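K.L.:
Let me give you the structure first, and then I'll get to my questions.
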Amino acid sequence: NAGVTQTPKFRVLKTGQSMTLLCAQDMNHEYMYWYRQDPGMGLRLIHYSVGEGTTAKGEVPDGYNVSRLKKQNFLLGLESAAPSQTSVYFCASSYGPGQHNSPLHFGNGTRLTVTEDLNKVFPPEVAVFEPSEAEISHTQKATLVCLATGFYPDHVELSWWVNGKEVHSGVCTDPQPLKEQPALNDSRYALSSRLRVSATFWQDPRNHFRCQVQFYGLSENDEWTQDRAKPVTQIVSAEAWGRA
Amino acid sequence: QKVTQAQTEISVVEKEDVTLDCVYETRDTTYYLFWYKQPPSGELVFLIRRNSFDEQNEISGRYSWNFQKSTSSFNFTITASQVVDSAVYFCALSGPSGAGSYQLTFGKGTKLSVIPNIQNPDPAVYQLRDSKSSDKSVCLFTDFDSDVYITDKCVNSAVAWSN
Amino acid sequence: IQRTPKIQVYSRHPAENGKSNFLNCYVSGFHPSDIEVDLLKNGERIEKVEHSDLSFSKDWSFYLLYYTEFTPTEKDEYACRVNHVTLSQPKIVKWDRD
Amino acid sequence: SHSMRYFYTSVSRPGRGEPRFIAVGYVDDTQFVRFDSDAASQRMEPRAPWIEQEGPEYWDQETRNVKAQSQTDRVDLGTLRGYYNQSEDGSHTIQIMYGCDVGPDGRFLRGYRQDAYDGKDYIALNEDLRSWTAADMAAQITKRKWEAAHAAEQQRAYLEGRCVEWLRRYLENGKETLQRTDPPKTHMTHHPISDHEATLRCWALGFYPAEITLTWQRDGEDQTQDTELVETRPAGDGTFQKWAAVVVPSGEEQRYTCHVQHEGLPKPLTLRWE
Amino acid sequence: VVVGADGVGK
C-alpha cells in the first residue's frame with residue numbers, strides 16, 4: 001500500500017487565481033484531513049471528512065472548500081487565492097471507527113506561494129565554485145560549493161551530478177533557502193550546497209561535476225508580457241571539470 | 001481538549017540527553033497520545049502512541065517516553081543525541097468528538113537542534129574561485145553588513161559570499 | 001438463531017374493577033429485536049402505550065415491557081397482540097386476572 | 001454483593017442507511033441510563049432518580065464514548081458480514097454485554113466482556129481479563145488482532161478501575177433505592193377446575209431484587225409433580241412479581257403448603273389455604 | 001459509567 005499521495009510538490013499563484021490541491025489514499029481509510037503548517041502556528045485543520053460523501057469545517061476553513069467524491073480522493077479548492085494562503089499544506093488520513101486508536105497518516109506536503117505580482121517570480125542564477133588549494137593541501141580533500149541566487153518562490157530542488165550520474169555521498173545542501181533581503185516579505189531567496197570529494201578525485205580532469213537546480217515557477221497557461229524571459233518551471237545548472 | 005509543548009526551540013550538544021516536554025489537558029477518560037517527528041526534509045513521521053490506561057515508562061532504543069497521568073504530561077527524552085535527531089517534534093491528543101469519531105489536536109511543536117561537539121577544533125576559512133568568470137568567488141568555514149550573506153552551517157561547513 | 005417470544009399479560013396490582021391500575025405485556029426470550037406489540041381493549045388498539053428500553057438476558061435473547069394506565073371493568077376484556085419474524089401471524093394473549 | 005452491567009445492541013438496516021444502536025445500563029436489577037441512535041435527543045439519558053444529580057460533563061462523556069462505540073459496531077457489522085460471507089441485504093445483530101461485580105467489602109470480585117453476532121456467542125473476555133475465547137473461526141480472527149493490539153488491557157483497566165469506582169458511587173448516591181430490599185407481598189388464590197380437583201396458586205408481588213424461590217410442599221414433603229412456575233415478570237415500578245401454581249385433589253387443600261424465600265425476608269414464609 | 005469505545009474493532 002502506497003499510503004497518502006498528494007500533488008503538486010510546489011506551486012505559485014497570482015492573488016485572485018484559483019487552484020485545487022489533489023490527495024488520494026489506497027489504504028481504504030474512512031477519515032481524511034487537510035492541514036496547514038506555518039512558522040509559529042502548529043498543524044491547523046482546514047477541512048476534514050469522516051467518510052465518502054460528507055465533509056466538515058475544521059479550525060481555519062475560511063477561503064477553502066473540499067470534495068470527498070469517492071473514498072480514495074479528498075480535494076482542497078482555492079477559488080480566490082490570497083497572500084494569507086501562502087503556506088505548506090499536508091493531506092492526511094485515519095482508518096476510521098474500525099480502528100479508533102489509528103494514528104494520522106500524512107502526505108509529503110504541498111508548498112504554495114501567492115504573490116501580488118508574478119513579475120516578482122525569478123528563476124535561480126546557479127554557479128559552481130572550484131575547491132581551495134589550501135583545503136586540498138591541509139585536508140587532502142576537495143569541497144566544491146554550488147550557489148543559486150535571486151529566485152522566487154523558494155521552490156527549488158538542488159542535485160549534484162558527477163559524470164552524468166546523481167551522487168548523494170559527500171553532499172550537504174542547506175535545508176532552508178535564506179532571504180537575500182530578510183526585511184522584505186516578497187524577498188528573493190538564495191540556496192547553497194557543498195560536495196566534498198577526495199583531492200585525487202577533484203584533480204583528475206576526466207571527472208565532470210555539475211550542480212543542478214530544478215526551479216518550480218509559472219506554467220505555460222500563465223500570461224507573460226514582460227521584457228525579460230518568462231520564469232516557467234525550468235532546470236538551471238552549472239558545471240566544472242577536474243584539474244591538476 | 002488542549003495540548004501545550006512548552007519549548008519553542010531547544011538546541012543541545014551532540015551525545016547529551018534532552019527531554020521534549022508535552023503537557024495535555026482533556027476531560028476525556030479514554031484517550032490516545034501521539035509523538036510525530038518532522039526532519040528538515042518536511043515529512044511527518046509517526047513515532048509512538050500511548051493509551052490513556054497503559055503504564056507510564058517505556059524504553060525504545062535512545063527514545064524513552066514518561067507518561068504521568070496525574071501531572072497530565074507525556075514527556076519524550078532522547079539519550080545520547082545524534083545529529084540526525086535534529087527535527088521539529090509534535091505531540092498530539094486523540095479523544096472522542098460529539099459525533100462519536102476520535103479527532104486529535106496537536107501542540108505547536110518543539111524544534112530540536114543537535115549541534116555537533118567540536119572533537120577536532122581546527123577552524124579553517126577557504127576561498128573558492130567561480131568555475132566560469134574568476135572575478136566572482138565564495139568563502140567556506142569548516143570545523144566549529146547586509147550586502148554580505150552567510151548560510152546556516154550544515155554538516156560542519158557554512159558558505160559566505162558578497163557582490 | 002430465531003427465538004419465538006414468550007408473552008405474559010398481567011396488571012401491576014391485584015385488579016379491583018373501577019380502580020386505575022397498570023396493564024402490562026412482558027415479551028421475553030426472542031431474537032431478533034424487531035418486534036411489533038399492541039395492547040387491545042375489546043380488540044381495539046390502545047393509542048398511548050409506553051415500552052421499556054431494549055435489554056437482553058445472559059442468553060442474548062431480548063425482553064421488553066409494554067404498559068398503559070388502564071382502569072379494569074367487570075365486562076371489559078384486555079389482550080396483547082405480538083407480531084414477530086418467528087410468528088406466521090400475530091399471537092394474541094387474553095388478560096387473565098389470575 | 002452488588003453488580004453493574006451495560007447492554008449494547010446494534011442492528012443493521014440494509015436499505016434504510018445507518019444501523020440502529022441501543023445502549024442501557026443496570027445496577028443490580030435497576031436500569032439507570034439509556035442511549036438510542038434513532039432518538040432525537042442524541043444523548044445518554046437518565047432512567048433512575050439517583051443518576052439525575054450527575055452534572056453535564058458526565059452526560060457529555062457518556063454520550064461521546066457510547067456514540068463512538070456505535071460507530072465501531074457499525075463498521076464491525078460490515079467486517080463480520082465479510083468474515084461469514086453473508087448477504088449485503090441482511091439485518092444482523094452485534095450485542096455487547098460487559099460490567100463488574102463488587103463483594104460485601106466493596107472490593108472487585110470479577111469483570112465481564114462478551115460479544116454475540118445474531119444472538120450466538122462470538123468472543124468473550126476470560127475471567128483473568130488478559131485472554132479471549134472465540135466461538136468460531138471468524139471470532140478466532142478478531143481474537144488474534146485483539147491479542148496483538150492488547151485490547152484486553154483496555155477492558156481490564158475499566159473493569160478493575162473506573163467500573164468499581166462508579167459502581168461504588170452509584171450504590172452510595174442511590175443507596176435508599178439500590179440497597180433497599182422490598183420483601184414479597186404474598187397471598188394464595190383457589191381455582192376449582194372440576195368437582196373433584198382444584199388449582200392452588202401461590203402469589204408473590206412487589207419484591208426487589210427479582211431473585212426469589214417459590215416451592216410447594218404436601219404434608220411436609222417437597223412436591224413438584226403438577227407444579228407450574230412462571231418467569232419472574234417486572235411490575236413496571238422497579239419491583240417484580242412471580243406465582244407458583246399446583247393442581248390438588250378436591251378437599252385436600254390444607255395438606256399443600258407454599259414456601260417463599262427472598263433476601264428481603266429474614267425468615268422464609270409458609271402459606272396454606274382456608 | 002460506560003467503557004471507552006473499543007480501540008481496534010472486530
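In the C-alpha cells, chains take letters A, B, ... by order of appearance, with residues numbered from 1 within each chain and ligands from 1 in the order shown.
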With only C-alpha atoms as the counted atoms, please give the residues lying no more than 9 Å from stretch 218-232 of chain D, apart from itself and same-chain residues fewer than 4 positions off, as a list in words.
P.N.:
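In the requested format, the answer is residues 8 of chain C; 210, 211, 212, 214, 240, 241, 242, 243, 244, 245, 246, 247, 248, 254, 255, 256, 257 and 258 of chain D.
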K.L.:
Hey, which bits of chain B sit within 9 Å of chain E, and for each residue what's the closest pair of atoms and how far apart in Å (one decimal), counting only C-alpha atoms, rows by chain and increasing number, as a Markdown table?
P.N.:
```
| residue | atom | partner | partner_atom | distance |
| --- | --- | --- | --- | --- |
| B:29 | CA | E:4 | CA | 7.3 |
| B:30 | CA | E:4 | CA | 5.2 |
| B:31 | CA | E:4 | CA | 8.4 |
| B:96 | CA | E:5 | CA | 8.5 |
| B:100 | CA | E:5 | CA | 8.9 |
```
K.L.:
Using C-alpha atoms, can you export the residues from the last selection as a compact mmCIF listing (two decimals), in the first residue's frame?
P.N.:
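What landed in part.txt:
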```txt
# COMPACT_ATOMS: atom_id res chain seq x y z
CA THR B 29 -11.46 9.34 30.19
CA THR B 30 -10.35 7.06 27.26
CA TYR B 31 -7.84 9.00 25.03
CA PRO B 96 -13.97 11.10 21.09
CA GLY B 100 -18.53 9.66 18.13
```
K.L.:
Can you check which residues of chain B have any atom within 8 Å of chain D? Use only C-alpha atoms and format it as an MDAnalysis selection string.
P.N.:
chainID B and resid 27:29 53:54 96:102
K.L.:
When DSSP is applied to the backbone of this structure, which of stretch 62-232 of chain D are assigned alpha helix (DSSP H)? Write them out as a PyMOL selection string.
P.N.:
chain D and resi 62-83+137-149+151-156+163-173+175-178
K.L.:
Please check the contacts: residues of chain A at most 12 Å away from chain E, using only C-alpha atoms, listed as an NGL selection string.
P.N.:
:A and (95-103)
K.L.:
Give me, as number ranges by chain, the contact residues of chain B against chain A at a cut-off of 8 Å, counting only C-alpha atoms.
P.N.:
B: 32, 34, 40-44, 46, 49, 94, 101-102, 106-109, 126-131, 137-138, 146, 149, 151-155, 159
K.L.:
Write out, as a compact mmCIF listing (two decimals), in the first residue's frame, the residues just selected, with N, CA and C atoms.
P.N.:
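The new file part13.txt reads:
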```
# COMPACT_ATOMS: atom_id res chain seq x y z
N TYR B 32 -5.95 8.81 23.49
CA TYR B 32 -4.69 8.32 22.89
C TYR B 32 -3.75 9.51 22.63
N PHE B 34 0.06 10.88 21.03
CA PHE B 34 0.99 10.60 19.90
C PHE B 34 2.20 11.54 19.94
N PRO B 40 14.13 18.17 8.80
CA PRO B 40 14.15 19.34 7.92
C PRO B 40 13.48 19.07 6.56
N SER B 41 13.70 17.87 6.00
CA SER B 41 13.11 17.39 4.73
C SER B 41 11.64 17.82 4.63
N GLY B 42 10.82 17.50 5.64
CA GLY B 42 9.45 18.03 5.77
C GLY B 42 8.42 16.98 6.14
N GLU B 43 8.71 15.68 5.95
CA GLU B 43 7.71 14.59 6.16
C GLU B 43 7.40 14.50 7.66
N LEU B 44 6.16 14.13 7.99
CA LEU B 44 5.69 13.90 9.39
C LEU B 44 5.74 12.40 9.67
N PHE B 46 5.38 9.23 12.25
CA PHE B 46 4.73 8.68 13.46
C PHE B 46 5.77 7.91 14.28
N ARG B 49 2.38 5.84 19.92
CA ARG B 49 1.06 6.15 20.51
C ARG B 49 1.01 5.61 21.94
N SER B 94 -5.71 12.46 21.01
CA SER B 94 -6.95 11.98 20.37
C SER B 94 -7.99 11.63 21.44
N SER B 101 -16.49 10.10 16.88
CA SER B 101 -15.33 9.87 15.98
C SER B 101 -14.10 10.56 16.57
N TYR B 102 -13.09 9.78 16.94
CA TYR B 102 -11.83 10.28 17.56
C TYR B 102 -11.11 11.19 16.57
N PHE B 106 -3.08 18.89 17.99
CA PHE B 106 -1.59 18.86 18.05
C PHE B 106 -1.09 20.04 18.88
N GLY B 107 0.11 19.90 19.46
CA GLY B 107 0.89 21.02 20.01
C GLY B 107 1.41 21.91 18.90
N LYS B 108 2.05 23.03 19.25
CA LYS B 108 2.65 23.97 18.27
C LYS B 108 4.00 23.42 17.80
N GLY B 109 4.55 22.42 18.50
CA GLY B 109 5.79 21.72 18.13
C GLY B 109 7.00 22.31 18.84
N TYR B 126 38.44 28.84 3.73
CA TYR B 126 38.96 28.60 2.36
C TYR B 126 38.17 29.46 1.37
N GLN B 127 38.86 30.00 0.36
CA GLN B 127 38.26 30.80 -0.74
C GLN B 127 38.20 29.93 -2.00
N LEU B 128 37.05 29.92 -2.68
CA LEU B 128 36.77 29.05 -3.86
C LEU B 128 36.43 29.93 -5.07
N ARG B 129 37.23 29.84 -6.13
CA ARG B 129 37.08 30.64 -7.38
C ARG B 129 35.94 30.05 -8.22
N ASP B 130 35.13 30.90 -8.85
CA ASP B 130 33.98 30.50 -9.72
C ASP B 130 34.51 29.69 -10.91
N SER B 131 33.76 28.66 -11.30
CA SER B 131 34.07 27.74 -12.43
C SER B 131 34.29 28.54 -13.72
N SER B 137 33.63 34.88 -6.63
CA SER B 137 34.14 33.76 -5.79
C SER B 137 33.31 33.66 -4.50
N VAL B 138 33.61 32.66 -3.67
CA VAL B 138 32.84 32.31 -2.44
C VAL B 138 33.81 31.83 -1.36
N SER B 146 24.68 44.05 5.43
CA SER B 146 23.57 43.31 4.77
C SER B 146 23.95 42.89 3.34
N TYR B 149 26.13 37.97 2.74
CA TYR B 149 25.25 36.85 3.14
C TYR B 149 26.10 35.68 3.64
N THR B 151 25.30 31.51 4.93
CA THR B 151 24.33 30.38 5.05
C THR B 151 24.42 29.78 6.45
N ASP B 152 23.31 29.22 6.93
CA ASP B 152 23.28 28.45 8.20
C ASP B 152 24.17 27.21 8.01
N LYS B 153 25.14 27.01 8.91
CA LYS B 153 26.07 25.85 8.90
C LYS B 153 25.27 24.55 8.76
N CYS B 154 25.59 23.70 7.77
CA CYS B 154 25.10 22.30 7.66
C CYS B 154 26.30 21.34 7.81
N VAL B 155 26.03 20.07 8.11
CA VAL B 155 27.07 19.04 8.45
C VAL B 155 27.06 17.92 7.40
N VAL B 159 28.71 28.79 4.19
CA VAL B 159 29.09 29.45 2.91
C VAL B 159 28.82 30.95 3.02
```
K.L.:
Provide as a PyMOL selection string the residues of chain D at most 10 Å from chain C, counting only C-alpha atoms.
P.N.:
chain D and resi 6-11+22-26+31+33-36+47+91-93+95-97+114-121+189+191+201+203+205-206+230-231+233-237+239-241+243
K.L.:
Excluding same-chain residues fewer than 2 positions from residue B:65, what lies within 8 Å of it counting only C-alpha atoms, as a list in words?
P.N.:
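Within the cut-off, the hits are residues 56, 57, 58, 59, 63, 67, 74, 75, 76 and 77 of chain B.
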K.L.:
Could you write those residues out with C-alpha atoms, as a PDB file, in the first residue's frame?
P.N.:
```pdb
ATOM      1  CA  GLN B  56       3.940   5.407  32.357  1.00  0.00           C
ATOM      2  CA  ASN B  57       7.518   4.368  31.322  1.00  0.00           C
ATOM      3  CA  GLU B  58       8.656   2.731  28.004  1.00  0.00           C
ATOM      4  CA  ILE B  59      12.243   2.490  26.542  1.00  0.00           C
ATOM      5  CA  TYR B  63      13.934   7.142  22.635  1.00  0.00           C
ATOM      6  CA  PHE B  67       3.514   9.242  30.760  1.00  0.00           C
ATOM      7  CA  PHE B  74       3.744  12.913  28.381  1.00  0.00           C
ATOM      8  CA  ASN B  75       7.485  13.845  28.147  1.00  0.00           C
ATOM      9  CA  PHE B  76       9.820  12.380  25.434  1.00  0.00           C
ATOM     10  CA  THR B  77      13.595  12.068  26.262  1.00  0.00           C
TER      11      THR B  77
END
```
K.L.:
Quick check for you: according to DSSP on this backbone, which residues of chain C are classed as strand (DSSP E or B)? Reply as a PyMOL selection string.
P.N.:
chain C and resi 3+6-11+23-31+36-41+44-45+50-51+55-56+62-68+78-83+91-94
K.L.:
Could the residues in this selection be saved with N, CA and C atoms as a tab-separated table (two decimals), in the first residue's frame?
P.N.:
```tsv
chain	number	residue	atom	x	y	z
C	3	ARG	N	-35.55	-17.02	17.83
C	3	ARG	CA	-36.25	-17.44	19.08
C	3	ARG	C	-37.63	-16.78	19.13
C	6	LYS	N	-41.93	-15.39	24.35
C	6	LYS	CA	-42.86	-15.72	25.46
C	6	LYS	C	-43.63	-14.45	25.84
C	7	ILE	N	-44.95	-14.55	25.98
C	7	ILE	CA	-45.86	-13.40	26.26
C	7	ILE	C	-46.61	-13.66	27.57
C	8	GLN	N	-46.53	-12.72	28.51
C	8	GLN	CA	-47.36	-12.67	29.75
C	8	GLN	C	-48.14	-11.35	29.76
C	9	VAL	N	-49.46	-11.42	29.95
C	9	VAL	CA	-50.36	-10.23	30.07
C	9	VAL	C	-50.93	-10.22	31.50
C	10	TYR	N	-50.62	-9.17	32.26
C	10	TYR	CA	-50.93	-9.06	33.72
C	10	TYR	C	-51.05	-7.58	34.12
C	11	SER	N	-51.57	-7.33	35.32
C	11	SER	CA	-51.71	-5.97	35.92
C	11	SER	C	-50.69	-5.81	37.05
C	23	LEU	N	-51.90	-2.02	33.12
C	23	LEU	CA	-51.88	-3.26	32.29
C	23	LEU	C	-50.47	-3.43	31.72
C	24	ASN	N	-49.88	-4.62	31.87
C	24	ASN	CA	-48.50	-4.95	31.44
C	24	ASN	C	-48.54	-6.12	30.44
C	25	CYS	N	-47.74	-6.02	29.37
C	25	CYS	CA	-47.43	-7.12	28.43
C	25	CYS	C	-45.90	-7.30	28.37
C	26	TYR	N	-45.40	-8.43	28.88
C	26	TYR	CA	-43.96	-8.75	29.02
C	26	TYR	C	-43.56	-9.78	27.95
C	27	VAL	N	-42.97	-9.30	26.85
C	27	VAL	CA	-42.38	-10.15	25.77
C	27	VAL	C	-40.92	-10.43	26.14
C	28	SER	N	-40.53	-11.71	26.16
C	28	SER	CA	-39.22	-12.19	26.66
C	28	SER	C	-38.73	-13.40	25.85
C	29	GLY	N	-37.41	-13.52	25.69
C	29	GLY	CA	-36.72	-14.71	25.15
C	29	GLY	C	-36.83	-14.81	23.63
C	30	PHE	N	-36.75	-13.68	22.93
C	30	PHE	CA	-36.94	-13.59	21.45
C	30	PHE	C	-35.70	-13.00	20.78
C	31	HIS	N	-35.58	-13.22	19.47
C	31	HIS	CA	-34.46	-12.76	18.60
C	31	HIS	C	-34.89	-12.90	17.13
C	36	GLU	N	-43.26	-6.18	16.86
C	36	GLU	CA	-44.48	-5.33	16.96
C	36	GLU	C	-45.33	-5.82	18.13
C	37	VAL	N	-45.81	-4.91	18.98
C	37	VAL	CA	-46.57	-5.21	20.23
C	37	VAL	C	-47.69	-4.18	20.40
C	38	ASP	N	-48.94	-4.65	20.49
C	38	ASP	CA	-50.16	-3.82	20.70
C	38	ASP	C	-50.88	-4.31	21.96
C	39	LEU	N	-51.43	-3.38	22.75
C	39	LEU	CA	-52.35	-3.67	23.88
C	39	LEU	C	-53.79	-3.41	23.42
C	40	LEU	N	-54.61	-4.46	23.34
C	40	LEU	CA	-56.00	-4.41	22.80
C	40	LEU	C	-57.01	-4.35	23.95
C	41	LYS	N	-57.96	-3.42	23.88
C	41	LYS	CA	-59.13	-3.30	24.80
C	41	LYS	C	-60.40	-3.62	24.00
C	44	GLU	N	-59.58	-3.51	20.29
C	44	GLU	CA	-59.29	-2.12	19.84
C	44	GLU	C	-57.87	-1.73	20.29
C	45	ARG	N	-57.06	-1.17	19.37
C	45	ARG	CA	-55.65	-0.79	19.63
C	45	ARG	C	-55.61	0.43	20.56
C	50	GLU	N	-46.71	2.88	26.34
C	50	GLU	CA	-45.25	3.11	26.51
C	50	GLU	C	-44.56	1.76	26.75
C	51	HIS	N	-43.31	1.64	26.30
C	51	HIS	CA	-42.48	0.41	26.40
C	51	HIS	C	-41.13	0.75	27.02
C	55	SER	N	-33.31	-4.24	26.40
C	55	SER	CA	-32.27	-5.04	27.11
C	55	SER	C	-32.40	-6.50	26.68
C	56	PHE	N	-31.42	-7.34	27.06
C	56	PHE	CA	-31.40	-8.80	26.76
C	56	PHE	C	-30.80	-9.57	27.94
C	62	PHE	N	-33.78	-11.07	23.83
C	62	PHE	CA	-34.30	-9.73	24.22
C	62	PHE	C	-35.53	-9.86	25.12
C	63	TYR	N	-35.86	-8.79	25.85
C	63	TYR	CA	-37.09	-8.64	26.67
C	63	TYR	C	-37.52	-7.17	26.73
C	64	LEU	N	-38.83	-6.92	26.60
C	64	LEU	CA	-39.47	-5.58	26.63
C	64	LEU	C	-40.72	-5.63	27.51
C	65	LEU	N	-41.07	-4.50	28.15
C	65	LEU	CA	-42.31	-4.32	28.93
C	65	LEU	C	-43.14	-3.20	28.30
C	66	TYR	N	-44.32	-3.54	27.78
C	66	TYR	CA	-45.34	-2.60	27.24
C	66	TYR	C	-46.43	-2.40	28.30
C	67	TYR	N	-46.66	-1.14	28.71
C	67	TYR	CA	-47.60	-0.77	29.80
C	67	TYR	C	-48.46	0.42	29.39
C	68	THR	N	-49.68	0.48	29.93
C	68	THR	CA	-50.66	1.59	29.78
C	68	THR	C	-51.46	1.71	31.09
C	78	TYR	N	-59.30	-7.21	28.05
C	78	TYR	CA	-58.00	-6.65	27.59
C	78	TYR	C	-57.12	-7.80	27.08
C	79	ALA	N	-56.26	-7.53	26.09
C	79	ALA	CA	-55.38	-8.52	25.44
C	79	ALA	C	-54.09	-7.85	24.94
C	80	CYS	N	-53.13	-8.66	24.48
C	80	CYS	CA	-51.81	-8.23	23.93
C	80	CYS	C	-51.56	-8.94	22.59
C	81	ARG	N	-51.44	-8.19	21.50
C	81	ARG	CA	-51.15	-8.70	20.13
C	81	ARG	C	-49.67	-8.48	19.80
C	82	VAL	N	-48.92	-9.57	19.62
C	82	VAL	CA	-47.45	-9.56	19.36
C	82	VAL	C	-47.19	-10.21	18.00
C	83	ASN	N	-46.61	-9.46	17.06
C	83	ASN	CA	-46.14	-9.97	15.74
C	83	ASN	C	-44.61	-9.97	15.74
C	91	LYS	N	-49.75	-13.20	17.44
C	91	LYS	CA	-50.18	-14.11	18.54
C	91	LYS	C	-50.82	-13.28	19.66
C	92	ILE	N	-52.16	-13.26	19.73
C	92	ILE	CA	-52.94	-12.52	20.77
C	92	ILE	C	-53.01	-13.39	22.03
C	93	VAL	N	-52.82	-12.77	23.20
C	93	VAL	CA	-52.95	-13.40	24.55
C	93	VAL	C	-53.94	-12.57	25.38
C	94	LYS	N	-55.03	-13.19	25.83
C	94	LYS	CA	-56.09	-12.54	26.65
C	94	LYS	C	-55.53	-12.24	28.05
```
K.L.:
Of the candidates D:76, D:101, D:28, D:165, which one gets nearest to chain E if we count only C-alpha atoms?
P.N.:
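Distance minimum relative to chain E lands on D:76.
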